[PDB]
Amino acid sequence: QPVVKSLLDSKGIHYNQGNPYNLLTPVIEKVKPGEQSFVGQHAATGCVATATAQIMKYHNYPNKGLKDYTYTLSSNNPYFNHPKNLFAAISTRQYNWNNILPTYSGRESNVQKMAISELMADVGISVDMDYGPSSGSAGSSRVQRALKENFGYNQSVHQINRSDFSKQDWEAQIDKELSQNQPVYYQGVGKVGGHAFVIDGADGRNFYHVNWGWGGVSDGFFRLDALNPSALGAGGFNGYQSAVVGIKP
């Protein structure tokens, strides 16, 4: 396994799902029975958008979006009146990567906060985000499509599924991305739920550096069969693993 220091850390990239990332997500309209309450608050960006946006920032790409996206929230989503149609004008976007900062801590200009929230909302919409207090997406299958179709990333972008590969071939694919300075979109499921995140380094001892998309909480090195961040307190993201690799302009 090669030694690759955290690619996101190298560029100071640390995103999360709340303020100011979520300034343009849909504003919650309704109460889910027994959950008081989130009305009038912006929905979370969703871990899938946060992971994807961090990788996009690593590349500062694209300057210009390619294709718009529209979808309708599931009729089972309790937070919005139905139908709820969302639209991202991605084909018209001129993303100013100078204004989309690698992290946000509070003194950023309105231009800079608009820049990141626009990216987060565009990415979220492109992956059919089921917006809520927390926001869920199918993940890899949506991410690979959005990156190519809407964002104009290389045709090389594709989803890989863990059970489609031997252990050696799986790790070889992740390693190759990291040797090419290409952070990997990754997701898995356990006891605790399913979560998406970024693999962006390797220690040469078969641990991989993970950015969990929680602004830095639990970020560090993990074995792929033990993606068990401290925030779980609680079986980690070790089942139904998939990644999106080949992520480059």
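One-based numbering along the sequence shown.
Gap check for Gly233 to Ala234: 4 to 9 deposited residues are absent from the model. Averaged over their C-alpha atoms, the temperature factors of 54-62 and 189-197 are higher for 189-197. Looking at mean Cα B-factors across 137-145 and 111-119, the upper value is held by 111-119.
By the numbers in the PDB entry, the CA B factor is greatest at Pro83 among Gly124, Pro83, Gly152, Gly132. Per the PDB record, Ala89 has a higher Cα B-factor than any other of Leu178, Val157, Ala89, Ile100.
For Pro183, the recorded CA temperature factor ranks within the lowest third of the chain's modelled residues.
Ranked within its chain, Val31 lands in the highest third, by CA B factor from the PDB record.
Per the deposited record, the Cα B-factor of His42 falls in the middle third when ranked against the other modelled residues of its chain.
Ranked by Cα temperature factor within the chain, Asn211 sits in the lowest third according to the deposited record. In the deposited entry, the Cα temperature factor of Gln1 sits in the top third of values across the chain's modelled residues.
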